[PDB]
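One chain follows as structure tokens, the form deposited in one PDB entry.
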């Protein structure tokens, strides 16, 4: 027959994650000669991360993508990637290698299996930077007192509290309204998502904190995956791998465009000195011990090994 597979996600038009899933869609169609069709429900068409991944887990959707921080709703183990400053941009290829070809990726795959999901793409999303609507922020101490939107990650909540901020978990689709209404003073995200989602209209200041690393985890309902013929299973996984290579390749080009757009629209972007970054690293480091019982030590070590 034909097979139609629905894929929902929260990310904005033109965003690195979004474009990756457009490439996935194209590759699935090519490899199947049109027999398998991915229907894309991006940009919170069917809701934000949690609600659509819950639908994928239940089987009311075939596929969904959630940011890794929002995946904490489904397993605590994903929080390894939220630990503040567990990774930094300088080591990204070695992180990719461990996920793609190594033991780390196998462990992630097992986490997904344990919650009824088949991973198809570990999409790059990027490093979050703190941004504000009104308050000048240039240093760690300037973050104090800010009311800040978070994802659902317990670690993001704890990071904010350790920085002296007041964390406020808001779904992605509702975050712009909260900023516009003054419910929150700021947020932390990639400059690209912020620009693509047109948060840049309400923002005034940014710092290159890189205080959270996120992926966008594209998951298929495991029962649905296991129901498919083997040739279609292989199409999906091969398309995922090829789409991931493509999506990583365009990510930093798009990030550069967004940083330029921030500039153009008058947002002040402060580059932290080594000293000021080290303060942030240490101020957030106590969060790690608060989650030692929820994140396997072996998994922390596999991630840290990528940064050596």
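Numbering follows the first chain given and starts at 1. Superpose the two forms; the largest set of C-alphas matching within 1.5 Å is the rigid core.
Below, we refer to the form deposited in another entry, which is not included among the displayed structures.
- Of the residues checked (163, 236, 95, 215), the rigid-core alignment between this form and the one not shown shows a Cα shift of at least 2 Å for 163 alone.
- Superposed on the core, the two forms differ at residue 280: its CA moves 2 Å or more between this form and the one not shown.
- Relative to the superposed core, residue 268 shifts its CA atom by 2 Å or more between this form and the one not shown.
- Once the cores line up, the CA of residue 74 ends up less than 2 angstroms apart between this form and the one not shown.
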